[PDB]
Structure formats: structure tokens, C-alpha cells
Amino acid sequence: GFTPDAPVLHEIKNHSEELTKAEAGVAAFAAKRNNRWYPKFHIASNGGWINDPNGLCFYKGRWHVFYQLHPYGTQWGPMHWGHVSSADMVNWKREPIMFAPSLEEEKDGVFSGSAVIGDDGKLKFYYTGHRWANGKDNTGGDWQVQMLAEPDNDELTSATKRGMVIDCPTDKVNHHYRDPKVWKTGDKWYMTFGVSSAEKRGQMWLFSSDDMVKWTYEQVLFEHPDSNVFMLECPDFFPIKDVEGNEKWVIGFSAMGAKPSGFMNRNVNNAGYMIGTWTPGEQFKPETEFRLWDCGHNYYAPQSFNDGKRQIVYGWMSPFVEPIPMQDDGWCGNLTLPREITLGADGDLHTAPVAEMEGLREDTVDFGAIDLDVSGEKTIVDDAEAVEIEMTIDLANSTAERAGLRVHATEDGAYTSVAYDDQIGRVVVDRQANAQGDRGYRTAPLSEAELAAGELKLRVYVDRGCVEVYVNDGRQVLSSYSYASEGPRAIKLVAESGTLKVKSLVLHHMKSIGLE
Ligand SMILES: OC[C@H]1O[C@](O)(CO)[C@@H](O)[C@@H]1O
């Protein structure tokens, strides 16, 4: 039906020529870039817009990160895959752009996808080919199919497109049909991607293969129970051992259309996961409610991959809300740090940074224990461009109603706050005092156990244009853009409306990952 016996190749452009055009676009932007917010230790394009992480793998001794790339502007546009790699996850290098639209079935965009090591030890790429359904523009909705490509070399500098391996039964779906992941379970290969059903419900479809090339429709692996959710972008699906040592499955997706409620689903679209069980032949059986990967302002389209031992996840720091002032600066968007996924005794995922992120530290400045015996502030450093702050708050002996750090604390009185808030029992990233961007605040919940524990650990990464806040060794994370003003950028320890006892505060200067 819609699963060809062999890959369908409809070459319409010279791939090498379209790649060369794309290199010029990103290089032109890079040369005129304003570095005020450009990351020192996060992955961005050298120029232009990025979104979703793609093709994540550890392959032939190297860490690979690809990403949705618009080479020709700082807003979303004709989609390419950019590429960076590393031997150690600390020191990165720019690779040639990997994919530009060159086949009929992808002529309006090379959309998101994944990479997986086959039975022969060779990598395969699976990605979506995008067409405008009306053949013109977005007014008529999307026309999307799944594509295969194979690397030309172990370095993944280039790939040969094989063409379309799964077509779209256009009249059985609501346009959205994208973002494949391929994995092996037992003696079968499986593929999942996101679909808007004919009834406009968000679904993940499942296909199987003996050879990773010819696919068979199996069933709908999962449908989102919220009728407001019409699409599941960037689906994820992987096994992980629970505390009992039983095998669970994590389903993840970037959900479109859920309405906000209290603190929950506040971003325009929201990415999250459920933990449950899966037997091949059956649908996913959730055992949890939907939970956000990241509770911050700017996080979407996460993808995970396995390095042989660890399941590792990157998110795109998504700016969905105007104004987006970095779009004036010749780049837009970066990825988060890579996070190791663990499943704790608390029955939830933890996403601490991978151990390699300690290699970002140039130094360790130990400020020791700090007591604010009255409401007030203490400057930790007058200027911080790119730092990691580790701090332990003594909840039991602090009366402050709100306590933590002000980062990007500039001479104009602007700052971003990272605080424990005793009135809501949450960690809060508050951008109210940002001089630019859409401001607002984001909260991460603390369990009854965490609130009763009498200490709270924060690990805060401050880059030129963003913050990443790891709570209690990655039980929760908040990633937000932070639009620092001109001049020195202080870090202050602040106690509002009472006392603060900090058991430990330690600063590390962050090195460049070599991509700027
Ligand atoms: O750039 C297009 C890509 O971005 C997403 O919409 C999610 O951000 C994916 O579903 C799509 O493949």
C-alpha cells in the first residue's frame, strides 16, 4: 500500500550544490553575528536558526549531534540538517552541513529524524521529507513521508539518500506525519513517528522490518487522551530498568495543543514522557501521568539515544514567544546540555548532566557556607559570562520566603532569578526583571519528600544567553533564555523576607566548546 518493497528515489536537485548554498548562508550570518547572547558552551548554528536535535548517536568513536537548520534566516524556514561532533563531549567541531532538500518528497524541507546502528554495525538515518500539500506554501497544510539515508564514511561527513521508505495515506490522516525513530526489540526492527489522525488526534504509529529497509504497518502504539492534542512531534520510545530491576518503557513526545492549567503546559507546545510497559503486539501501557522533561521557558523537541550503556537526551531551547531579541543577532536557538536519563526509587526519571559536562569546568571557586542572618543580598562575583554554580540551601534553618541566585545581574538593575519559593514549594526561574524578551516565570515541583528533606541542591549553568537549572541532581530541570543587558553580569545570593543558610556555594568558569 504505502510501504514500498524498495526505497523510492526522486532526485530533483544536485545535493552537493544545495549543501554549498547552505554553507554560504550560515557562514554569512556567522561573520555578522552579535555575540552578546551567543553560547560559549551550548550547541548552536554558527549562523541562522536551529530547532530540533536530530540523528543523535555515538558512532565509530565520536559523539554526533545534528539539528534542524534554516541557513538563510534567524526564523524558521527551508529545513536542512546541520552537524557538530566530538570525541569527548566537551571539545566540539563544526562539520559540513549534512542534508539540504534535493528529492521530490523533501523539496520544502528535510525534517527531523534519528540515527541507529544496524545489525551490520553501520549507521542508518531516518528522517521526514516535507512538501507543502497545496504545492505552494503552508496555507494547505503539510505533506510528509519517511526517508532513509546511509553514511558515506565513519566520520558521518556526508550520507547518500536512498529515498522514501514509508509513504503517506493522505486521506487517512490530518497532514502531520513526521519525526521517525527506529530501534530493535528481539528479532524485529520497529519505527515510530507522530501522526495527526483523520479525527485530528495526536498518535504514534508503529511499523516493523526484518531488514530496516522494507516496512510493514503494525498498529497505533499510542494516542494522546487529550482531544486538544492534535499531534505528537519528535516521538521517543526506549526501555529502562526500574528500582526492582524490571524493564519499563518510556514514551516521550512534543505535544501540540494541550491547554495551560495552573503551572502546567504553560509553553505554546510542551514535551514530556510517561513511564509504563510494552509487549510487542500491544500498545504502550502508561503507568504515570504525562510529565514535562523540562519545566523551563525554552525546551522542546527532545531526542534521546543510547551510547551502549546510557540513555542520553538533548532538548532544543525553543523560543515560541515574541519578542525573540537574539533573532536580530544573526543566529537563533541552541540545544541544552546532554542529560543522562535514570529511573529512581521515586518512580520518576532524573536527568542530571552527563558526567562529561564536568570537563567544561576551568576551575573551582569555593565560597563555603554562607549565612544571610537578615533579608538582603551578597555579590558572589561582579562579572560572570559563562559559569556553573553548585549550591545547597539548608531548608530547615532558613526562614526566607524566596531564596537563591540573581544571575545576569547588570548595572541597569536587570537580572534572572533562580530561587526556592516557600509559598508554592517550588524552584522558580523568574525573568520579570529581564530588560528584553517575553519575561514571565517557570516553576519545577518538589515532592513532599524533597520539601521535608531540609536541604535543596541547585546546579545552575549560566551561558551568555540562557540558564539551565538542575534541581536535586536532575529530579527536575528548567531551561530558559535569559537576555542579559550590557556591562558586567553579577551573580548575587539573595534572601527575601527572612534568613538564608547556604551549606555550600561553588563556582566553576566554563570553557568554550569550540563552536563559536
Ligand atoms: O523543523 C521541522 C521540525 O520541527 C518540529 O515541528 C518540532 O519542532 C518537527 O515535528 C519537525 O520535523
Side-chain angles (χ1 to χ4, degrees), residues 22 26 44-45 48-56 65-83 97-101 105-115 125-133 137-138 141-147 149 164 166 168 173-182 191-196 202-205 224 229-237 252-258 267-272 292-294 297-304 313-321 324 332-336 479:
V26 307
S45 189
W49 155 293
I50 74 166
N51 51 290
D52 313 356
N54 290 162
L56 295 186
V65 171
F66 309 78
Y67 46 81
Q68 290 287 276
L69 172 62
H70 183 215
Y72 308 112
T74 60
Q75 294 169 300
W76 187 81
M79 276 290 112
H80 294 64
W81 282 35
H83 186 195
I97 295 177
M98 177 52 111
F99 298 131
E105 287 80 15
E106 72 191 26
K107 68 185 184 192
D108 303 307
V110 176
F111 271 25
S112 284
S114 53
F125 296 100
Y126 300 88
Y127 69 87
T128 299
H130 175 76
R131 274 170 294 183
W132 302 118
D137 61 58
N138 74 354
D142 308 330
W143 185 17
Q144 283 163 1
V145 306
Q146 323 315 330
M147 311 290 290
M164 165 180 74
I166 298 181
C168 188
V173 308
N174 177 44
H175 289 295
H176 306 280
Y177 195 85
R178 59 176 175 283
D179 304 344
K181 180 190 189 88
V182 170
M191 184 190 306
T192 195
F193 56 83
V195 175
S196 196
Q203 300 185 332
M204 285 167 57
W205 286 21
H224 199 299
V229 172
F230 60 88
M231 175 55 177
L232 302 182
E233 293 178 311
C234 303
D236 204 358
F237 199 60
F253 44 73
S254 293
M256 306 183 78
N267 291 339
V268 166
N269 293 317
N270 306 267
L292 300 174
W293 289 103
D294 187 290
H297 289 91
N298 306 107
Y299 189 100
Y300 200 68
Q303 188 176 106
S304 80
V313 59
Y314 282 94
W316 161 44
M317 295 193 60
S318 48
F320 291 136
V321 182
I324 307 159
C332 189
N334 56 263
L335 305 185
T336 71
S479 316

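In listed order, ligands and their atoms are each counted from 1. Residue numbers start at 1 and run along the sequence shown.
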Present, as a list of atom pairs with distances to 0.1 Å, all nitrogen or oxygen contacts under 3.5 Å between ligand 1 and the protein.
| residue | atom | partner | partner atom | Å |
| --- | --- | --- | --- | --- |
| ligand 1 | 1 (O) | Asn51 | ND2 | 3.0 |
| ligand 1 | 1 (O) | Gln68 | OE1 | 2.6 |
| ligand 1 | 1 (O) | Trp76 | NE1 | 3.0 |
| ligand 1 | 4 (O) | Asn51 | ND2 | 3.1 |
| ligand 1 | 4 (O) | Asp52 | OD1 | 3.4 |
| ligand 1 | 4 (O) | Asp52 | OD2 | 3.1 |
| ligand 1 | 6 (O) | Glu233 | OE2 | 2.6 |
| ligand 1 | 8 (O) | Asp52 | OD1 | 2.7 |
| ligand 1 | 10 (O) | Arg178 | NE | 2.9 |
| ligand 1 | 10 (O) | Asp179 | OD1 | 3.4 |
| ligand 1 | 10 (O) | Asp179 | OD2 | 2.5 |
| ligand 1 | 10 (O) | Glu233 | OE2 | 3.2 |
| ligand 1 | 12 (O) | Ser112 | N | 3.1 |
| ligand 1 | 12 (O) | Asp179 | OD1 | 2.7 |

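Here the two rings, on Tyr314 and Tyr67, have centers that are 6.0 Å apart or farther. The distance between the ring centers of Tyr126 and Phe193 does not fall below 6.0 angstrom.
Between the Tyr72 side chain and the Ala22 main chain, a donor and an acceptor come within less than 3.5 Å of each other.
Nearest heavy atoms, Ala301 versus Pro53: O-CD, 3.3 Å.
In this structure the side chain of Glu106 reaches within 4.5 angstrom of the side chain of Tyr127, judged on heavy atoms.
Considering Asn54, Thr128, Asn51 in turn, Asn54 is the only one that fulfils the side chain to side chain donor-acceptor pair (under 3.5 Å) rule with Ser112.
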